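Peer 1: Here's a structure for you.
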Amino acid sequence: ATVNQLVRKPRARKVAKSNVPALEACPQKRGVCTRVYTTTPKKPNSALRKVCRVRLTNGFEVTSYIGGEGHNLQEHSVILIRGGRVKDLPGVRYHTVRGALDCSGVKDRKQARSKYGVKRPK
Amino acid sequence: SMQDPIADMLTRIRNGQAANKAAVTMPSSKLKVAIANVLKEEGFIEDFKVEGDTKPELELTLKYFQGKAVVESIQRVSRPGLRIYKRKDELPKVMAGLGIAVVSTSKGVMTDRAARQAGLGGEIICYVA
RNA sequence: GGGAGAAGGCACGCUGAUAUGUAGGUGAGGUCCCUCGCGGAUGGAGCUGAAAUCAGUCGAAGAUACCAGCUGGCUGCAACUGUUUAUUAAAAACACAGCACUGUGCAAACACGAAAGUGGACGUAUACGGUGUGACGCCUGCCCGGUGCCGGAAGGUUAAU
RNA sequence: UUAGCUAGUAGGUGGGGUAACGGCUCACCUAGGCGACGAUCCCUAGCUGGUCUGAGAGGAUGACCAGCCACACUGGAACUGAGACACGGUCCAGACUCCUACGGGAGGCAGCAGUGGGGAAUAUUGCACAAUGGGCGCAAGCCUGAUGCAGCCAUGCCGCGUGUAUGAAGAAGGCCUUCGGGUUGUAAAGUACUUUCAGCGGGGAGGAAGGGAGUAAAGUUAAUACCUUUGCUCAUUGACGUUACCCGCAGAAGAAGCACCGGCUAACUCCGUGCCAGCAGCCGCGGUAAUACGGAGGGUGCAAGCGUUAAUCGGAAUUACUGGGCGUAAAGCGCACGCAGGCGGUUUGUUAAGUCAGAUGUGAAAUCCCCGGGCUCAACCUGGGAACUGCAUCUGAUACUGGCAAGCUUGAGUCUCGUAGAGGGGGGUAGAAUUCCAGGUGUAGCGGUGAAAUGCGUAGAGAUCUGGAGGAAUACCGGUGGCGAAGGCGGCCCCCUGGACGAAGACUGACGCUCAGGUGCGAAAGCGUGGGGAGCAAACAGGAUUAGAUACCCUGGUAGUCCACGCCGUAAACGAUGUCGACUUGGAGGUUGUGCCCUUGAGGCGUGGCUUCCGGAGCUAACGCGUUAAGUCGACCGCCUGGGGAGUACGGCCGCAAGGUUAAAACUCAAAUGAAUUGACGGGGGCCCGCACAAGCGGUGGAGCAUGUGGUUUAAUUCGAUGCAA
RNA sequence: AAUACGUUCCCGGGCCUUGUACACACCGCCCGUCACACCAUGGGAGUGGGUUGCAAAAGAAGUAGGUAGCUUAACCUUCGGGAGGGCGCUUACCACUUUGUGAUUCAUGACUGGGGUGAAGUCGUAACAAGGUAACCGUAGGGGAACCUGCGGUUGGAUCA
Ligand SMILES: [Mg+2]
Ligand SMILES: [Mg+2]
Ligand SMILES: [Mg+2]
Ligand SMILES: [Mg+2]
Ligand SMILES: [Mg+2]
Ligand SMILES: [Mg+2]
Ligand SMILES: [Mg+2]
Ligand SMILES: [Mg+2]
Ligand SMILES: [Mg+2]
Ligand SMILES: [Mg+2]
Ligand SMILES: [Mg+2]
Ligand SMILES: [Mg+2]
Ligand SMILES: [Mg+2]
Ligand SMILES: [Mg+2]
Ligand SMILES: [Mg+2]
Ligand SMILES: [Mg+2]
Ligand SMILES: [Mg+2]
Ligand SMILES: [Mg+2]
Ligand SMILES: [Mg+2]
Ligand SMILES: [Mg+2]
Ligand SMILES: [Mg+2]
Ligand SMILES: [Mg+2]
Ligand SMILES: [Mg+2]
Ligand SMILES: [Mg+2]
Ligand SMILES: [Mg+2]
Ligand SMILES: [Mg+2]
Ligand SMILES: [Mg+2]
Ligand SMILES: [Mg+2]
Ligand SMILES: [Mg+2]
Ligand SMILES: [Mg+2]
Ligand SMILES: [Mg+2]
Ligand SMILES: [Mg+2]
Ligand SMILES: [Mg+2]
Ligand SMILES: [Mg+2]
Ligand SMILES: [Mg+2]
Ligand SMILES: [Mg+2]
Ligand SMILES: [Mg+2]
Ligand SMILES: [Mg+2]
Ligand SMILES: [Mg+2]
Ligand SMILES: [Mg+2]
Ligand SMILES: [Mg+2]
Ligand SMILES: [Mg+2]
Ligand SMILES: [Mg+2]
Ligand SMILES: [Mg+2]
Ligand SMILES: [Mg+2]
Ligand SMILES: [Mg+2]
Ligand SMILES: [Mg+2]
Ligand SMILES: [Mg+2]
Ligand SMILES: [Mg+2]
Ligand SMILES: [Mg+2]
Ligand SMILES: [Mg+2]
Ligand SMILES: [Mg+2]
Ligand SMILES: [Mg+2]
Ligand SMILES: [Mg+2]
Ligand SMILES: [Mg+2]
Ligand SMILES: [Mg+2]
Ligand SMILES: [Mg+2]
Ligand SMILES: [Mg+2]
Ligand SMILES: [Mg+2]
Ligand SMILES: [Mg+2]
Ligand SMILES: [Mg+2]
Ligand SMILES: [Mg+2]
Ligand SMILES: [Mg+2]
Ligand SMILES: [Mg+2]
Ligand SMILES: [Mg+2]
Ligand SMILES: [Mg+2]
Ligand SMILES: [Mg+2]
Ligand SMILES: [Mg+2]
Ligand SMILES: [Mg+2]
Ligand SMILES: [Mg+2]
Ligand SMILES: [Mg+2]
Ligand SMILES: [Mg+2]
Ligand SMILES: [Mg+2]
Ligand SMILES: [Mg+2]
Ligand SMILES: [Mg+2]
Ligand SMILES: [Mg+2]
Ligand SMILES: [Mg+2]
Ligand SMILES: [Mg+2]
Ligand SMILES: [Mg+2]
Ligand SMILES: [Mg+2]
Ligand SMILES: [Mg+2]
Ligand SMILES: [Mg+2]
Ligand SMILES: [Mg+2]
Ligand SMILES: [Mg+2]
Ligand SMILES: [Mg+2]
Ligand SMILES: [Mg+2]
Ligand SMILES: [Mg+2]
Ligand SMILES: [Mg+2]
Ligand SMILES: [Mg+2]
Ligand SMILES: [Mg+2]
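Taken in order, these protein sequences are the chains called q and m.
Everything in the first sequence is counted per the entry's author numbering, starting at 2 for the first residue and increasing by one.
Everything in the second sequence is counted per the entry's author numbering, starting at 2 for the first residue and increasing by one.
Spelled out as structure tokens, the structure:
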């Protein structure tokens, strides 16, 4: 790494890829759910996480985790995915924006309500 | 081979001081005479002495204080692979004023403090810290 | 090396100019030498003569007639050029260079001939006969029980005498 | 993982053309030009002043604002004109949309609004030329979807408000509790005080300078007309506008949410769950006391915003120029030669290219920054200043570097003379041994392992003596000894030959070092052609052991090993340590010279070269390396950026072939790794014991019974213990 | 009563040392075919789009060059016409369009080479201690698979009384 070696062959920069490639640098892209199905995660956890397999707006086909405690999602219904890797489901990188545009919020949740789309209680 | 006589001189000073020599010796030259003159002026050697008619040996008598070395660190700046020519505002100030930096200016070889008081840059040969 | 003339496309007549026939070829004179003759140099007259460019013009069509590749893609079989069922079969059959095995020490093995002899060969294991396979690349795996062939002559059976 | 490209192509001469030079365009000629300092080709992209980040060097990026370029449905072409090859012009062709009397016609929002569509996502089919600027006009004036303003949007930045004070019955109520109580909490109620902003009414600047009439003075002028300049009285010209701002009214009224609380990260307890529901930015939570999930109470942080996502930079010294690393963590080409390139000892003289210094031109303004001014403050607007780290020009200086010219001798090399050497290439030859053959003896076993067997043997083997034949390797010397650049090289002799090192001299006089591409050598295995073929021996067969054993072990045994020619170009090609060169305490040996001293006996005092072990400061993550450095440095080259995927695919070059070389991605995990430490473990070692084994006596397991258990059976056969240690 | 010669092995311990890829700590962790599912990746008879090179055909309007024809107000003119112009024809250049043929890139494609992840699946036990045959590197052959064997190399291998 002398300066003659540097001008003969330059110091190559450190480029790297985005971990959410299907969003196309859009913060929320709108997907149509083709499937909604449960999967048990990879060990040492054990549950039945709900992954909705959506076809995005730009032709991409990705599954995406569903948050909250329970849901209402079927197929044929447009939702918004927002990125963010769920650690324990192998090969799922997106969450669904709970509250957005067909997927209503959790039932009777009182705290953290903006993250799950629930109006103020009176 | 001997691709840097000035770094030969500086490495000999650093080695002799870190190995507790008293009178180190090297082959002489005009730039070595000028740099050793700067060091004897500022007080990083006791006295230098160039002996020899056709090809001489320059001898440097090293200083000590309480056993420890006097030159704490000494290094090149403008090595021959990559030379460092510096303008007057972009001059160094090694060790926040304490150490000296030898600059060859148009008016011979002189310490960077004298270079700032004469108002011209040059080439930085060493950072006697 | 090939493929390949791959495919595919353009120009093509006549007339005028360059040039009253060009470049090139041939070389008469004439002049000088000349070891003097069917000798050699500049010398280019005359003769012949492409081919190209520009312009003009004609026809519907300029290689105008006769002569004169159909081309491309995938694949089988065979390496190819060759040869054959004269006279229903020309091939995927036969051969082939190459590979291997085997026989043969020269009065060769082998064949044709009772035999002489001759081919082998006026050659001598890098040669010759026979057999199978059929360029080149990657390769040729297991079995000696059967039938052959080669080595044994210790033993059983064994002919003429 | 694009090495060739270029036919008007590079240049010339002549003609033409252009506002202007020019292959701009032609005729003819020359055969050139571009290219590893990246031509050509592919993909992406408007560029810049700047903006975001960064301490800084940089990285990303080009929204508003400003400059420049390009385009105006797509593809062309020219005209008019000063200026276009023309946004709201012409002509041609095309797709789309629309009208038709079917002959034909028309149109181009990437102008401002707006619509449909796409999208996660981005506004009114608003008022005025009052201001600034533009176009025309002598002007008045007209046009002006530029511009000034209004509407929308928490999109950002900034400012303000939701009261203030008193107030302990520490009220109730919630929540928790060791049932004392704590907490919500001076918080609420209460009593007193204020009215910012929103609402109600009143006053109201400034953005307005101009323009239009008339008059006075002057200038032209034959002219006191006309016109222009200078003043002088008049009504005057605002979309914003219900303006900025000021003043008065009445009342605490009309005005607080979001995220988080296991660590990182400020903030903890109860209840509901029970590997379910779920959270997650990473480490991990959840299996019956969850500070991590859901709810409550409490708190912490931000606040008219709070978060989640996306995107950049930082942290990331995690692409390192400032600012990394290479023995073992990923990383030194297998080794050498060497062109370009990079660097270059020492003395003098010149030049002054690089360097430095002053001045000049310049770096548009805006922004950034420093002082300042204004909008009540801030955001914002704005004056002056440096900066604009640059570029060019002039003028200097001469230390370094460069050029140029002359010198030196230490670096590099040449000669003279030896020494040491398994250095290489070619040809001879020697003995020991193995095998095969042939012959003699002589008899029943040989060979083999852990134990056997297949095999060889009554056709006379193995042992044994003689004569051959053949091929290969060279016992002892032999030693971390030597030589070579690396691979490597091992009996002896000859022929050819390279290199090293030492001594006194002499000589050339920077001729040096490193080296991308390029080339040459490069173990073994492998391939081709042709020989040889004793041993050994993959493949293969048979025998065993085994659960099976396509292995180890045994009996055989073909490639191959070997010789000559080539090809492959790989190895844990290792010192896992690129080359060169300098300097830095020592000891122990070995090897090969050499100087001296009396080699006074197989000594002793030094200097070289080469080489192995211990070790100091230094260094190192530690281990360890340690004058042969992994110490302190310099020159040049190679290489690495998490583990896999993978030194693999594809593509190129090479290869007859096996394959070599160059060499990614998608995905996937939060690790993979190096050194050392404590344990544990070993069919590792050493030492030692124990009824462990040995040496002995007796017993169970066989039979019958007692008793406990596992199973079955049942209405219940209660429950618990279940390796030793039930 | 019997027997103890002794430590060669048998298991369980104790201490030092060494090696380690093991720490619920060898009853440890670990490697590869096979069977099923899923994802991405290459080859794949091909097939369909995008862009683009080449060689060519092509010729609307426009310009520039020429000209038989028709025609014309500005100049000369003897009034005859002359110059010059316009239209028209034509040649040059060039767009749309057309054919042929490559180059690149994307999508898709039965089937397949390998790769990765998965619930107590099947067959083994190759590696880590001398891992029970020391491992490993290269290369070749073989084989259900870890791998085994040949030839050469390395210590990054263990025991040294
Ligand atoms: Mg067929
Ligand atoms: Mg044939
Ligand atoms: Mg034929
Ligand atoms: Mg015939
Ligand atoms: Mg016939
Ligand atoms: Mg015939
Ligand atoms: Mg026939
Ligand atoms: Mg005969
Ligand atoms: Mg045949
Ligand atoms: Mg055949
Ligand atoms: Mg066969
Ligand atoms: Mg037989
Ligand atoms: Mg037989
Ligand atoms: Mg056989
Ligand atoms: Mg026989
Ligand atoms: Mg010209
Ligand atoms: Mg001209
Ligand atoms: Mg930084
Ligand atoms: Mg334009
Ligand atoms: Mg246009
Ligand atoms: Mg014009
Ligand atoms: Mg005009
Ligand atoms: Mg216009
Ligand atoms: Mg328009
Ligand atoms: Mg618009
Ligand atoms: Mg819409
Ligand atoms: Mg929509
Ligand atoms: Mg609207
Ligand atoms: Mg106006
Ligand atoms: Mg108008
Ligand atoms: Mg606002
Ligand atoms: Mg209470
Ligand atoms: Mg008010
Ligand atoms: Mg006003
Ligand atoms: Mg005013
Ligand atoms: Mg929260
Ligand atoms: Mg805390
Ligand atoms: Mg939460
Ligand atoms: Mg539990
Ligand atoms: Mg609980
Ligand atoms: Mg949390
Ligand atoms: Mg950085
Ligand atoms: Mg980051
Ligand atoms: Mg590092
Ligand atoms: Mg390693
Ligand atoms: Mg390594
Ligand atoms: Mg090396
Ligand atoms: Mg070299
Ligand atoms: Mg120099
Ligand atoms: Mg200069
Ligand atoms: Mg500026
Ligand atoms: Mg102020
Ligand atoms: Mg100089
Ligand atoms: Mg001398
Ligand atoms: Mg000399
Ligand atoms: Mg090279
Ligand atoms: Mg070999
Ligand atoms: Mg061979
Ligand atoms: Mg073979
Ligand atoms: Mg052979
Ligand atoms: Mg043999
Ligand atoms: Mg290698
Ligand atoms: Mg080696
Ligand atoms: Mg080694
Ligand atoms: Mg290496
Ligand atoms: Mg260091
Ligand atoms: Mg050491
Ligand atoms: Mg070093
Ligand atoms: Mg190190
Ligand atoms: Mg490869
Ligand atoms: Mg370790
Ligand atoms: Mg016993
Ligand atoms: Mg019993
Ligand atoms: Mg019983
Ligand atoms: Mg019981
Ligand atoms: Mg119980
Ligand atoms: Mg129990
Ligand atoms: Mg003890
Ligand atoms: Mg132990
Ligand atoms: Mg240990
Ligand atoms: Mg571990
Ligand atoms: Mg085990
Ligand atoms: Mg594919
Ligand atoms: Mg035309
Ligand atoms: Mg094992
Ligand atoms: Mg075993
Ligand atoms: Mg083993
Ligand atoms: Mg093994
Ligand atoms: Mg091992
Ligand atoms: Mg085998």
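C-beta atoms are modelled at their ideal positions from N, C-alpha and C, and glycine is treated no differently.
1. Between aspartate 89 of chain q and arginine 31 of chain q, what straight-line distance do the alpha-carbon atoms span, to the nearest angstrom?
2. Taking Cβ positions, are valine 98 of chain q and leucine 81 of chain q nearer each other than 8 angstroms?
3. Kindly provide the ranges of any beta strand (DSSP E) runs that are 3 or more residues long and lie completely inside the region 46-106 of chain m, ordered along the chain.
4. Could you name each continuous beta strand (DSSP E) segment of 3 residues or more that falls completely within the region 9-82 of chain q, going from the start of the chain to the end?
5. With distances taken between CB atoms, is the gap from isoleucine 126 of chain m to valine 103 of chain m smaller than 8 angstroms?
6. So if DSSP puts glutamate 124 of chain m in a beta bridge, which residue, or which two residues, is it bridged to?
7. Do you know how far the Cα of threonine 3 of chain q is from the Cα of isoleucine 101 of chain m?
8. Compare the Cα-Cα distances from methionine 10 of chain m to each of m:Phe49, m:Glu42, m:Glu43, m:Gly44 and report the closest residue.
9. Going straight from the alpha carbon of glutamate 52 of chain m to that of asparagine 38 of chain m, what length do you get?
Peer 2: In short:
1. Spanning the alpha carbons of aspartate 89 of chain q and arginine 31 of chain q requires a straight line of approximately 24 angstroms.
2. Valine 98 of chain q is a Cβ neighbour of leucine 81 of chain q, given a cutoff of 8 angstroms.
3. Within the region 46-106 of chain m, the complete beta strand (DSSP E) segments at least 3 residues long are 46-52, 58-63, 101-106, listed from N- to C-terminus.
4. Contiguous beta strand (DSSP E) elements confined to the region 9-82 of chain q occur at 30-40, 50-56, 62-66, 79-82, taking only those with 3 or more residues.
5. With contacts defined by Cβ atoms closer than 8 angstroms, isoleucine 126 of chain m and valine 103 of chain m form a contacting pair.
6. Its beta-bridge partners are m:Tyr86, m:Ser105.
7. For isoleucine 101 of chain m and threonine 3 of chain q, the distance between alpha carbons rounds to 27 angstroms.
8. Of the candidates m:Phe49, m:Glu42, m:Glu43, m:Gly44, the one whose C-alpha sits nearest the C-alpha of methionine 10 of chain m is m:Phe49.
9. Their backbone Cα atoms lie some 15 angstroms apart in a straight line.
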